[PDB]
Amino acid sequence: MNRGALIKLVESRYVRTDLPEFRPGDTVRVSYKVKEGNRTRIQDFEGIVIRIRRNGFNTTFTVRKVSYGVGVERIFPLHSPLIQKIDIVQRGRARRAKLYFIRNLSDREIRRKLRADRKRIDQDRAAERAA
Amino acid sequence: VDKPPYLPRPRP
Amino acid sequence: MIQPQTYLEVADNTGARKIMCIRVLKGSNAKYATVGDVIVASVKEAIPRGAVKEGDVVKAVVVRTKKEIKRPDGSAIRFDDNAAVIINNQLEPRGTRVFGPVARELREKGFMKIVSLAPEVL
Amino acid sequence: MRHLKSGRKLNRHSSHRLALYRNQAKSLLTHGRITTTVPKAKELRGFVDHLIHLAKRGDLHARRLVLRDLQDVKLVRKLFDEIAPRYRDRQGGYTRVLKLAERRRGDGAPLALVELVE
Amino acid sequence: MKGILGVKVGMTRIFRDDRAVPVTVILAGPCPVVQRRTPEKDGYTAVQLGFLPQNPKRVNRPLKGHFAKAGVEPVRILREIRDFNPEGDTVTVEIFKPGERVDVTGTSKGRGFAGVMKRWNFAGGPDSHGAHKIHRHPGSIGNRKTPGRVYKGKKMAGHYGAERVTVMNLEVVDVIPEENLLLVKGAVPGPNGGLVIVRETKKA
Amino acid sequence: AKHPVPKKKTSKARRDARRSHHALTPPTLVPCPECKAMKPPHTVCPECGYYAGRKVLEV
RNA sequence: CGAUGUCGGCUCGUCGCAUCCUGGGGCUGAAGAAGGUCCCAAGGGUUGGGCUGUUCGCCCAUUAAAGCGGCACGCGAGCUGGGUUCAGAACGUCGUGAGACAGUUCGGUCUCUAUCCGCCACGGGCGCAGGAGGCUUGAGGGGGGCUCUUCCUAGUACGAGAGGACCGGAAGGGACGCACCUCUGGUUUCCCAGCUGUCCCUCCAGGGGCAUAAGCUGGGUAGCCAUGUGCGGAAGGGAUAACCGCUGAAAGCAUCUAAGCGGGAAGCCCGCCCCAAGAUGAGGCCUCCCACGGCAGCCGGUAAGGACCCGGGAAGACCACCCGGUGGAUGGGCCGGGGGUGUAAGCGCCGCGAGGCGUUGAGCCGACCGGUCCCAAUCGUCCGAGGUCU
RNA sequence: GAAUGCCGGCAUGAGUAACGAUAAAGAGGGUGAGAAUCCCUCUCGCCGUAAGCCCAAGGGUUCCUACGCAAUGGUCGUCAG
RNA sequence: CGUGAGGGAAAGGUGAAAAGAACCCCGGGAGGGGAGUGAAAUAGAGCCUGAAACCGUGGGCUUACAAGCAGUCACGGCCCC
Ligand SMILES: [Mg+2]
Ligand SMILES: [Mg+2]
Ligand SMILES: [Mg+2]
Ligand SMILES: [Mg+2]
Ligand SMILES: [Mg+2]
Ligand SMILES: [Mg+2]
Ligand SMILES: [Mg+2]
Ligand SMILES: [Mg+2]
Ligand SMILES: [Mg+2]
Ligand SMILES: [Mg+2]
Ligand SMILES: [Mg+2]
Ligand SMILES: [Mg+2]
Ligand SMILES: [Mg+2]
Ligand SMILES: [Mg+2]
Ligand SMILES: [Mg+2]
Ligand SMILES: [Mg+2]
Ligand SMILES: [Mg+2]
Ligand SMILES: [Mg+2]
Ligand SMILES: [Mg+2]
Ligand SMILES: [Mg+2]
Ligand SMILES: [Mg+2]
Ligand SMILES: [Mg+2]
Ligand SMILES: [Mg+2]
Ligand SMILES: [Mg+2]
Ligand SMILES: [Mg+2]
Ligand SMILES: [Mg+2]
Ligand SMILES: [Mg+2]
Ligand SMILES: [Mg+2]
Ligand SMILES: [Mg+2]
Ligand SMILES: [Mg+2]
Ligand SMILES: [Mg+2]
Ligand SMILES: [Mg+2]
Ligand SMILES: [Mg+2]
Ligand SMILES: [Mg+2]
Ligand SMILES: [Mg+2]
Ligand SMILES: [Mg+2]
Ligand SMILES: [Mg+2]
Ligand SMILES: [Mg+2]
Ligand SMILES: [Mg+2]
Ligand SMILES: [Mg+2]
Ligand SMILES: [Mg+2]
Ligand SMILES: [Mg+2]
Ligand SMILES: [Mg+2]
Ligand SMILES: [Mg+2]
Ligand SMILES: [Mg+2]
Ligand SMILES: [Mg+2]
Ligand SMILES: [Mg+2]
Ligand SMILES: [Mg+2]
Ligand SMILES: [Mg+2]
Ligand SMILES: [Mg+2]
Ligand SMILES: [Mg+2]
Ligand SMILES: [Mg+2]
Ligand SMILES: [Mg+2]
Ligand SMILES: [Mg+2]
Ligand SMILES: [Mg+2]
Ligand SMILES: [Mg+2]
Ligand SMILES: [Mg+2]
Ligand SMILES: [Mg+2]
Ligand SMILES: [Mg+2]
Ligand SMILES: [Mg+2]
Ligand SMILES: [Mg+2]
Ligand SMILES: [Mg+2]
Ligand SMILES: [Mg+2]
Ligand SMILES: [Mg+2]
Ligand SMILES: [Mg+2]
Ligand SMILES: [Mg+2]
Ligand SMILES: [Mg+2]
Ligand SMILES: [Mg+2]
Ligand SMILES: [Mg+2]
Ligand SMILES: [Mg+2]
Ligand SMILES: [Mg+2]
Ligand SMILES: [Mg+2]
Ligand SMILES: [Mg+2]
Ligand SMILES: [Mg+2]
Ligand SMILES: [Mg+2]
Ligand SMILES: [Mg+2]
Ligand SMILES: [Mg+2]
Ligand SMILES: [Mg+2]
Ligand SMILES: [Mg+2]
Ligand SMILES: [Mg+2]
Ligand SMILES: [Mg+2]
Ligand SMILES: [Mg+2]
Ligand SMILES: [Mg+2]
Ligand SMILES: [Mg+2]
Ligand SMILES: [Mg+2]
Ligand SMILES: [Mg+2]
Ligand SMILES: [Mg+2]
Ligand SMILES: [Mg+2]
Ligand SMILES: [Mg+2]
Ligand SMILES: [Mg+2]
Ligand SMILES: [Mg+2]
Ligand SMILES: [Mg+2]
Ligand SMILES: [Mg+2]
Ligand SMILES: [Mg+2]
Ligand SMILES: [Mg+2]
Ligand SMILES: [Mg+2]
Ligand SMILES: [Mg+2]
Ligand SMILES: [Mg+2]
Ligand SMILES: [Mg+2]
Ligand SMILES: [Mg+2]
Ligand SMILES: [Mg+2]
Ligand SMILES: [Mg+2]
Ligand SMILES: [Mg+2]
Ligand SMILES: [Mg+2]
Ligand SMILES: [Mg+2]
Ligand SMILES: [Mg+2]
Ligand SMILES: [Mg+2]
Ligand SMILES: [Mg+2]
Ligand SMILES: [Mg+2]
Ligand SMILES: [Mg+2]
Ligand SMILES: [Mg+2]
Ligand SMILES: [Mg+2]
Ligand SMILES: [Mg+2]
Ligand SMILES: [Mg+2]
Ligand SMILES: [Mg+2]
Ligand SMILES: [Mg+2]
Ligand SMILES: [Mg+2]
Ligand SMILES: [Mg+2]
Ligand SMILES: [Mg+2]
Ligand SMILES: [Mg+2]
Ligand SMILES: [Mg+2]
Ligand SMILES: [Mg+2]
Ligand SMILES: [Mg+2]
Ligand SMILES: [Mg+2]
Ligand SMILES: [Mg+2]
Ligand SMILES: [Mg+2]
Ligand SMILES: [Mg+2]
Ligand SMILES: [Mg+2]
Ligand SMILES: [Mg+2]
Ligand SMILES: [Mg+2]
Ligand SMILES: [Mg+2]
Ligand SMILES: [Mg+2]
Ligand SMILES: [Mg+2]
Ligand SMILES: [Mg+2]
Ligand SMILES: [Mg+2]
Ligand SMILES: [Mg+2]
Ligand SMILES: [Mg+2]
Ligand SMILES: [Mg+2]
Ligand SMILES: [Mg+2]
Ligand SMILES: [Mg+2]
Ligand SMILES: [Mg+2]
Ligand SMILES: [Mg+2]
Ligand SMILES: [Mg+2]
Ligand SMILES: [Mg+2]
Ligand SMILES: [Mg+2]
Ligand SMILES: [Mg+2]
Ligand SMILES: [Mg+2]
Ligand SMILES: [Mg+2]
Ligand SMILES: [Mg+2]
Ligand SMILES: [Mg+2]
Ligand SMILES: [Mg+2]
Ligand SMILES: [Mg+2]
Ligand SMILES: [Mg+2]
Ligand SMILES: [Mg+2]
Ligand SMILES: [Mg+2]
Ligand SMILES: [Mg+2]
Ligand SMILES: [Mg+2]
Ligand SMILES: [Mg+2]
Ligand SMILES: [Mg+2]
Ligand SMILES: [Mg+2]
Ligand SMILES: [Mg+2]
Ligand SMILES: [Mg+2]
Ligand SMILES: [Mg+2]
Ligand SMILES: [Mg+2]
Ligand SMILES: [Mg+2]
Ligand SMILES: [Mg+2]
Ligand SMILES: [Mg+2]
Ligand SMILES: [Mg+2]
Ligand SMILES: [Mg+2]
Ligand SMILES: [Mg+2]
Ligand SMILES: [Mg+2]
Ligand SMILES: [Mg+2]
Ligand SMILES: [Mg+2]
Ligand SMILES: [Mg+2]
Ligand SMILES: [Mg+2]
Ligand SMILES: [Mg+2]
Ligand SMILES: [Mg+2]
Ligand SMILES: [Mg+2]
Ligand SMILES: [Mg+2]
Ligand SMILES: [Mg+2]
Ligand SMILES: [Mg+2]
Ligand SMILES: [Mg+2]
Ligand SMILES: [Mg+2]
Ligand SMILES: [Mg+2]
Ligand SMILES: [Mg+2]
Ligand SMILES: [Mg+2]
Ligand SMILES: [Mg+2]
Ligand SMILES: [Mg+2]
Ligand SMILES: [Mg+2]
Ligand SMILES: [Mg+2]
Ligand SMILES: [Mg+2]
Ligand SMILES: [Mg+2]
Ligand SMILES: [Mg+2]
Ligand SMILES: [Zn+2]
């Protein structure tokens, strides 16, 4: 028996494919389904992704933003059904995989450290050309 | 209850 | 994860600035208060001529924590500081405004008045 | 607990243990056959096999990689030129360990021989 | 009181009703009944189950005879489910439906010779303030001349784990008959690849 | 610590009972299929240098 | 008195019940809710802080409650050493003085090795009248045993009003326990990268040692983990405690009792989980081998089987246990995937240059899920029933 | 037959603690009855205001070579003060 | 041993005579086995006698459901004379 194959088999029902690729440093908007009372609605959470854990169906990523003077980080599962869609708002280039260091940096300092990933931007315009 | 020690502490 | 000795930023305009938890009000021996819990706290730092002054022993509900909180949808949320909002014994906020986002858990736990006053709920 | 951990410690700290493996590789790759204690022998296998399998690759990168462990330009040159080619069609298993029958006198340590395969 | 042998395969989580559900996957079926214990013959009621296909080259002659009396191919593991009497000559995962509630028995991971702090959750000693080589020590183990001895069962260091543990009242989240899979909500004893036993729960 | 110490001399009987496990097991040896000499199994024969039906070593 | 170490703390408990809480009751100056008082009950529970060496006590904030005692005022061959008993020094006081003070003050050497019993763990031996491989019954033990809030019943019964139920039914927490690693969060001694000083290879480029037993830094897989996840306390049956009765004499009435029968607790017995036939009272079922030689016995050759040896293992101090040994995927290589790191070296282009861009998610790459006989588990050896007697 | 007597012998604890700085080792060749420990080579590590060098105390042949290994060397020894 | 004044041991025996064991064997040696000496070699130099504790080998009886200042009294089993 193949234990890995059998696990992957269970997971395949829930595996998601509509979500766009992104990297630590990209600025991203996540449309997340949220329940409040007595309805469910879609709230947007948009910030820099500072982390991507990888583990097959169980990869999760972490988006950080400042909200009304307070820093807020969110952790989403990449295959969570409660994510309506993900919108790349900007490609930024980090030299690292995990960007915990930006938690301690001023807005100016961050802007210098996270320059625009010009390569993956033109590359995004290279697609996005419909036939 | 503090009662007086009956032994000295041992010496080398 | 707020426990006795923890300092909390107050996120209202009661005049308090910094409170220090001295008991987490959640049963006979709660170890930590999280989002939506009430604590008893001493006011360690406050602004002049507020409703509340330095030294007062007030109650407050925790509105955001630096230790991330987990949600049944598999996600979680973490804030840059530990914050609370000072309340009266009827769980109503004592200030007239609240500053910064608050955790959605406040709604479920029946703190509607504070949620409605907050600029953002995450 | 040691659950699912790979790699002996051999009562040496990190750098010493590494040196041990490098120097034994140099020794094995130089004489083709060396004698050691059974534990050191077994551990030596993969350490050298990876080096041999890289000599098979031949590229400059591979030479610069293998050179980090072996250091000796002459030796590495022998590895790529003389050694590697006789393993072209062989896929892994370039070394073998065979346990000797007699123990060491001064400490009763069990001995074995490590060698490059034909 | 139904039951089935199986192997723990590993853990993941799935999504049910906007909720993440920690699950352990168990390869349960198929289990051939190779003996039935009867009150007339054995004095109690149970069904001896077999599990996993076995290389007949490894099965000795005493064992071979047993398997033949049941007309069943050689099997790696024999275990009994008590007070269970399936209609069939083979047990599959079908006997559990999602929503049901089960007990899982497994062999806990072995922590070998374990200290008193891991084994028994002792608090040990201080790490400063004068503490002298007793940081993970038990402290007192007794009194004085009365009683002048140590209690049986006195919590002390020693082996821990590699022992039978049964976790109860676990929700069956799904069952995938085509692959002999069982999805149970939460944590099951033992390592992946370890053998488990899945019985109907005795809770209310 | 307060320097624990034996209370009574160990009897000749009790000493010897402790040593009921101290016996040596003779080495396990099989014949070498080439030269018939006895040797540890799974070891290259130190008498003729043969292992797995072939010469491996000078003896 | 040829030594029984002396307060308090820490640690670890265990018992008592004259019960602090929770469970069950009778009386109440018991409307309800809440109290008072006594009876039954030791199953569990009995918080965090400030002061002081303190035990104790006062105080803060909570709580279902913040119980009182025994165990050499339990516990220093378990720790501490703040108190108190040494030698130093000073204050007050006493003494002409040396000195003294249930007066004060600052300081002041706490001993690696466990023989026996006991306790936690793990084996070796023999036994269990044939020898063996599996699977079990459970005598008897052990573990567990907590509790709160809100909501429905119902703003109902009750009460002038405030206030506010019994019974029955839901949801949600605190602490504790067992297990776990999907998530969250740790560690991850070399898995990747960056960096400084120096020595070296080989001058550049690229690299190696050392700076810790990782030079420093940023990350980080498996595993082991808690702050993270699942589940547990029961349900239920039986017998009772105080207490309440049914029927009923002695005693024409009355009486829970003298005959008999009910109801009745977190407690008791079963039930749940774990250990367990050395349960010498050594149990049971399935299956396998057999009437072997020579003289309930001795020697020897076998059978079914087993051990030795070897490759190993979320098993493990040794041992034991589990898997495998070419009839083979057991470890090591190699390959595929995962995973970490985050775009190698080399070349080309731009800048005077530090550098920058491209090739490029590149190169490197522990344990994870797998594939593959490339390397190694070669070859063998030794034990091992002939079945006592009515 | 006892004086924690005296002198000696031999036990026990026990194949137990320990084998004296955590700067560190690995292979090949040689010698020899015997080699992890002696010789040689290569690789690796440690000291370098020393763990290098030169005096003075103090020690008094320990210096050099040949032949040896019973004891001394905390193991071994073909080596050695 | 102590700077020093000073303190202060242990240790006798082959045989009548060395006749002190040539030679051979195993062993690097030590040691031992034969041979030889002697009245005697468990008189062989680690030498007269050679007690006891202490250690071992072989034999007989006995012991793995048993509670002990270890003996003592009775009976029985086994071994010996
Ligand atoms: Mg997996
Ligand atoms: Mg499959
Ligand atoms: Mg919004
Ligand atoms: Mg931002
Ligand atoms: Mg604020
Ligand atoms: Mg003030
Ligand atoms: Mg283990
Ligand atoms: Mg460890
Ligand atoms: Mg492994
Ligand atoms: Mg390594
Ligand atoms: Mg290992
Ligand atoms: Mg190993
Ligand atoms: Mg070493
Ligand atoms: Mg060692
Ligand atoms: Mg080093
Ligand atoms: Mg280092
Ligand atoms: Mg590898
Ligand atoms: Mg071998
Ligand atoms: Mg030697
Ligand atoms: Mg479903
Ligand atoms: Mg099992
Ligand atoms: Mg401990
Ligand atoms: Mg534990
Ligand atoms: Mg713990
Ligand atoms: Mg503690
Ligand atoms: Mg601690
Ligand atoms: Mg402390
Ligand atoms: Mg101390
Ligand atoms: Mg100390
Ligand atoms: Mg310490
Ligand atoms: Mg202790
Ligand atoms: Mg007693
Ligand atoms: Mg075990
Ligand atoms: Mg001590
Ligand atoms: Mg002590
Ligand atoms: Mg001690
Ligand atoms: Mg000490
Ligand atoms: Mg001692
Ligand atoms: Mg004693
Ligand atoms: Mg003795
Ligand atoms: Mg004896
Ligand atoms: Mg003994
Ligand atoms: Mg051997
Ligand atoms: Mg020869
Ligand atoms: Mg006395
Ligand atoms: Mg004495
Ligand atoms: Mg005495
Ligand atoms: Mg009472
Ligand atoms: Mg009550
Ligand atoms: Mg009560
Ligand atoms: Mg009332
Ligand atoms: Mg009233
Ligand atoms: Mg009452
Ligand atoms: Mg109680
Ligand atoms: Mg009790
Ligand atoms: Mg108590
Ligand atoms: Mg304090
Ligand atoms: Mg007081
Ligand atoms: Mg209260
Ligand atoms: Mg009350
Ligand atoms: Mg208190
Ligand atoms: Mg005391
Ligand atoms: Mg006390
Ligand atoms: Mg002490
Ligand atoms: Mg004390
Ligand atoms: Mg004591
Ligand atoms: Mg004490
Ligand atoms: Mg004591
Ligand atoms: Mg003191
Ligand atoms: Mg003081
Ligand atoms: Mg005092
Ligand atoms: Mg004192
Ligand atoms: Mg004093
Ligand atoms: Mg003074
Ligand atoms: Mg005066
Ligand atoms: Mg006076
Ligand atoms: Mg006086
Ligand atoms: Mg006077
Ligand atoms: Mg005077
Ligand atoms: Mg005094
Ligand atoms: Mg001082
Ligand atoms: Mg001293
Ligand atoms: Mg001492
Ligand atoms: Mg002992
Ligand atoms: Mg046993
Ligand atoms: Mg046994
Ligand atoms: Mg078996
Ligand atoms: Mg029982
Ligand atoms: Mg018993
Ligand atoms: Mg109502
Ligand atoms: Mg009314
Ligand atoms: Mg209710
Ligand atoms: Mg509950
Ligand atoms: Mg994981
Ligand atoms: Mg993790
Ligand atoms: Mg994780
Ligand atoms: Mg993590
Ligand atoms: Mg590396
Ligand atoms: Mg350079
Ligand atoms: Mg460098
Ligand atoms: Mg160097
Ligand atoms: Mg250096
Ligand atoms: Mg160093
Ligand atoms: Mg490094
Ligand atoms: Mg980290
Ligand atoms: Mg690091
Ligand atoms: Mg990890
Ligand atoms: Mg926890
Ligand atoms: Mg009941
Ligand atoms: Mg009843
Ligand atoms: Mg009547
Ligand atoms: Mg009656
Ligand atoms: Mg009744
Ligand atoms: Mg009754
Ligand atoms: Mg009734
Ligand atoms: Mg209960
Ligand atoms: Mg069992
Ligand atoms: Mg039995
Ligand atoms: Mg059994
Ligand atoms: Mg009995
Ligand atoms: Mg039996
Ligand atoms: Mg039976
Ligand atoms: Mg056989
Ligand atoms: Mg092993
Ligand atoms: Mg086997
Ligand atoms: Mg074989
Ligand atoms: Mg084979
Ligand atoms: Mg394999
Ligand atoms: Mg493989
Ligand atoms: Mg990948
Ligand atoms: Mg990747
Ligand atoms: Mg580039
Ligand atoms: Mg490049
Ligand atoms: Mg240029
Ligand atoms: Mg790969
Ligand atoms: Mg092969
Ligand atoms: Mg194949
Ligand atoms: Mg053979
Ligand atoms: Mg006398
Ligand atoms: Mg004496
Ligand atoms: Mg004496
Ligand atoms: Mg004495
Ligand atoms: Mg004497
Ligand atoms: Mg005497
Ligand atoms: Mg003496
Ligand atoms: Mg001992
Ligand atoms: Mg020891
Ligand atoms: Mg040792
Ligand atoms: Mg030492
Ligand atoms: Mg040393
Ligand atoms: Mg060190
Ligand atoms: Mg050599
Ligand atoms: Mg040599
Ligand atoms: Mg040597
Ligand atoms: Mg030697
Ligand atoms: Mg210098
Ligand atoms: Mg001179
Ligand atoms: Mg001298
Ligand atoms: Mg001399
Ligand atoms: Mg000279
Ligand atoms: Mg000389
Ligand atoms: Mg010489
Ligand atoms: Mg010598
Ligand atoms: Mg010698
Ligand atoms: Mg010698
Ligand atoms: Mg010596
Ligand atoms: Mg020596
Ligand atoms: Mg010495
Ligand atoms: Mg010399
Ligand atoms: Mg003197
Ligand atoms: Mg002198
Ligand atoms: Mg004198
Ligand atoms: Mg004398
Ligand atoms: Mg004479
Ligand atoms: Mg004479
Ligand atoms: Mg000779
Ligand atoms: Mg000769
Ligand atoms: Mg020689
Ligand atoms: Mg001689
Ligand atoms: Mg001889
Ligand atoms: Mg002779
Ligand atoms: Mg004659
Ligand atoms: Mg005569
Ligand atoms: Mg004689
Ligand atoms: Mg004589
Ligand atoms: Mg004599
Ligand atoms: Mg004479
Ligand atoms: Mg003699
Ligand atoms: Mg004698
Ligand atoms: Mg004997
Ligand atoms: Mg009995
Ligand atoms: Mg008997
Ligand atoms: Mg008799
Ligand atoms: Zn041979």
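- As stated in the entry header, the method of structure determination is X-ray crystallography and the reported resolution is 3.1000 Å.

**Describing the packing of aromatic side chains**
No. 1: Applying the stated criterion across every chain yields a total of 8 aromatic pairs over all chains.
No. 2: Consider the rings of A:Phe45 and A:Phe76, whose centres lie 6.0 Å apart with planes at 65°: the pair is edge-to-face. Of this pair, A:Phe45 sits in strand β2 (residues 40-53) while A:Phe76 is found in strand β4 (residues 70-77), placing the two residues 31 residues apart along the sequence. Each member of the pair A:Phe45 and A:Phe76 is classed as buried.
No. 3: Ring centres of A:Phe57 and E:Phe15 lie 6.3 Å apart, and the angle between their planes is 75°; on these two criteria the pair is classed as edge-to-face. With A:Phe57 in the loop between β2 and β3 (60-67) and E:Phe15 in strand β1 (residues 3-15), this residue pair bridges two chains.
No. 4: On the basis of relative accessibility, which here comes to 3%, the residue A:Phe57 falls in the buried class.

**Regarding the interface of chain A and chain C**
No. 1: With 23 residues of chain A at the interface, the matching set in chain C holds 19 residues.
No. 2: Carbon and sulfur atoms make up 46% of the area that chain A and chain C hide from each other, which totals about 1700 Å².
No. 3: Per-residue buried area on chain A facing chain C is highest for A:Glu36, A:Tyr68 and A:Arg74; these three make up 27% of the total on that side.
No. 4: There are 4 salt bridges connecting chain A and chain C.
No. 5: In this structure, the salt-bridge partner of C:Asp80 is A:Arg64, at a minimum N-O distance of 2.8 Å.
No. 6: In this structure, the connection of chain A to chain C is made through 11 residue pairs in polar contact.
No. 7: For the side of chain A that touches chain C, the secondary structure elements donating two or more residues are β1 (27-35), β2, β3 and β4 of chain A.
No. 8: Take the side of chain A that touches chain C: its biggest share by element is 7 residues, from β4(A).

**Thoughts on the pattern of salt bridges**
No. 1: What the rule picks out here adds up to 39 salt bridges over all chains.
No. 2: With a shortest N-O distance of 3.1 Å, A:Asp87 and A:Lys85 are connected by a salt bridge.
No. 3: Given a relative accessible area of 31%, A:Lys85 falls into the partly exposed group.
No. 4: A salt bridge links A:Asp124 to A:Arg91; the nearest nitrogen and oxygen atoms lie 2.6 Å apart. In this pair, A:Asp124 sits in helix α3 (residues 118-126) while A:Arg91 sits in the loop between β5 (83-90) and α2 (107-113), placing the two residues 33 residues apart along the sequence.
No. 5: Of the residues examined, A:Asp124 reaches a relative accessible area of 29% and is grouped as partly exposed.
No. 6: A cluster of three or more residues bridged by salt bridges with shared partners is formed by A:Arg64, A:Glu73, A:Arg103, C:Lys67, C:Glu68, C:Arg78 and C:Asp80.

**Regarding a nonpolar patch on the surface**
No. 1: Residues E:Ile141, E:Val150 and E:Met156 make up a contiguous nonpolar surface patch of about 220 Å² in total accessible area.
No. 2: Relative to the elements of secondary structure, E:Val150 occurs in the loop between α2 (116-119) and β9 (158-159).

**As for the sheet that holds strand β4 (residues 46-53) of chain E**
Residue and element names in this part refer to chain E.
No. 1: With antiparallel pairing, the 4 strands of this open sheet are ordered in space as β5-β4-β3-β6. Two strands lie at the open edges of the sheet, namely β5 (75-82) and β6 (90-91), each paired on one side alone.
No. 2: Two elements, β4 and β5, share 7 bridges in a ladder whose sense is antiparallel. Bridge pairing links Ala46 to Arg82 in β5.
No. 3: Contacts from helix α1 (residues 61-69) reach β3 (31-37), β4 and β5, with the element oriented near 60° to β5.

**Focus: empty space enclosed by the protein**
Empty space left among the atoms is revealed by rolling a probe the size of a water molecule over them.
No. 1: Within this model, the largest cavity holds a volume of roughly 50 Å³.
No. 2: Lining of the largest cavity is provided by A:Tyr32, A:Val34, A:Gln43, A:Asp44, A:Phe45, A:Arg74, A:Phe76 and C:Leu122.
No. 3: Counting residues per element, the ones that place at least two in the lining of the largest cavity are β1, β2 and β4 of chain A.
No. 4: For the lining of the largest cavity, the element with the highest residue contribution is β2(A), accounting for 3 residues.
No. 5: Residue classes in the lining of the largest cavity are distributed as 5 nonpolar, 1 polar and 2 charged.
No. 6: The volume enclosed by the second largest cavity comes to roughly 30 Å³.
No. 7: What lines the second largest cavity is simply A:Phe57, A:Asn58, A:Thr59, A:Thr60, A:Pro77, A:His79, E:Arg13 and E:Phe15.

**Overview of the sheet that holds strand β4 (residues 57-64) of chain C**
Residues and elements named next belong to chain C.
No. 1: Taken together, 5 strands build a closed barrel; the order of strands is β1-β2-β3-β4-β7 and the barrel is mixed. Across the sheet, the mean angle separating the axes of adjacent strands is 55° when strand polarity is ignored.
No. 2: Where strand β1 (residues 7-10) meets strand β7 (residues 83-87), 2 bridges bridge the pair, whose relative direction is parallel. Along β7, the bridge assignment pairs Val10 with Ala84.

**Digging into the interface of chain E and chain A**
No. 1: Facing 18 residues of chain E, the contacting portion of chain A comprises 18 residues.
No. 2: Here chain E packs against chain A, burying approximately 1500 Å² in sum over the two surfaces, 73% of which is carbon and sulfur.
No. 3: Ranking the residues of chain E by area buried against chain A places E:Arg13, E:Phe15 and E:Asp18 at the top, with a combined share of 41%.
No. 4: At the boundary of chain E with chain A, the tally comes to 2 salt bridges.
No. 5: Linking A:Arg13 and E:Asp174 is a salt bridge whose minimum nitrogen-to-oxygen distance equals 3.9 Å.
No. 6: Where chain E packs against chain A, one counts 1 residue pair in polar contact.
No. 7: Broken down by element, the residue count for the side of chain E that touches chain A peaks at 9 residues, all from β1(E).
No. 8: In terms of residue class, the side of chain E that touches chain A is made up of 9 nonpolar, 4 polar and 5 charged.

What counts and what doesn't
Residues numbered from 1 in each chain as written, not as in the entry; some residues may be left out. Chains lettered and ligands numbered in written order. Part of a larger assembly, values for the part shown. Heavy atoms only, no water. Residues with missing side-chain atoms left out of burial classes, pairs and counts. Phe/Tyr/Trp six-rings, centres within 6.5 Å; stacked < 30°, edge-to-face > 60°. Helix = DSSP H or I, 4+ residues; strand = E, 2+ residues; numbered from the N terminus. Buried < 20%, exposed > 50% of the residue type's maximum accessible area, 1.4 Å probe, protein only. Contact = heavy atoms within 4.5 Å. Buried area = accessible area lost by both parts, 1.4 Å probe. Salt bridge = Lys/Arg side-chain N within 4 Å of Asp/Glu carboxyl O. Polar contact = N/O pair within 3.5 Å; in protein donor to acceptor, adjacent residues only side chain to side chain. Patch = residues over 30% accessible without salt bridge, like charges linked within 9 Å, V, L, I, M, F, W, Y side chains within 5 Å. Areas by Shrake-Rupley, 256 points an atom, 1.4 Å probe, with all protein chains shown as cover. Pairing = 2+ DSSP bridges. Axes fitted to C-alpha atoms, helices over the stretch in contact; angles between N-to-C directions. 1 Å grid on protein atoms, 1.4 Å probe; cavity = no way out; pocket = protein on both sides within 12 Å on 5 of 7 lines; lining within 4 Å. Points joined across faces, edges and corners; volume = space filled by probe spheres on them. Nonpolar A, V, L, I, M, F, W, Y, C, P; charged D, E, K, R; others polar.

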